[PDB]
Amino acid sequence: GXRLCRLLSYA
Amino acid sequence: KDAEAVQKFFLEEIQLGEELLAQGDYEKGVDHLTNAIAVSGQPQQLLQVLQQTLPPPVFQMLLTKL
């Protein structure tokens, strides 16, 4: 995992 | 600093949220996402992105727990 982290940081 | 602490908390809460959702523990996962959303200066933008990514019943549950 870890994808959700990047989508949300970039938000 | 306050910023490294907050980035860490935000990221770790998301990671636990994702892991929980992957295991089907939707309610618990959503609880952790609401912590990540609560420390963000743009909650509405995080919510839009989650709407585009999460299954509709999990997103909806998210909305009720905020």
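Going line by line, the protein sequences match chains B and A. For the first sequence, the authors' numbering gives the first residue as 12, with consecutive numbering after it. For the second sequence, the authors' numbering gives the first residue as 61, with consecutive numbering after it. Using N, Cα and C, we set each Cβ at its ideal position, and we do this for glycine too.
Taking every protein chain shown into account, the CB of A/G84 has fewer than 16 other CB atoms within 10 angstroms, so this residue is exposed. Distance check between A/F70 and each of A/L80, A/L114, A/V99, A/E78 places A/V99 closest, using alpha-carbon atoms only. Two segments are said to touch when three or more pairs of C-beta atoms, one from each, lie closer than 8 Å; by this definition the stretch 105–114 of chain A does not touch the stretch 66–80 of chain A. The stretch 87–94 of chain A makes contact with the stretch 114–126 of chain A; the number of CB pairs closer than 8 Å reaches 3 or more. For A/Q83, no Cβ of chain B is located within less than 7 Å of the residue's own Cβ.
Closest option to B/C16, judged by alpha-carbon separation, among A/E87, A/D62, A/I97: A/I97.
For A/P103, same chain residues with a beta-carbon under 7 Å away, outside a window of 5 residues either side, are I97 in chain order.
Here A/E78 is buried: its Cβ has 16 or more other Cβ atoms, across all protein chains shown, within 10 Å.
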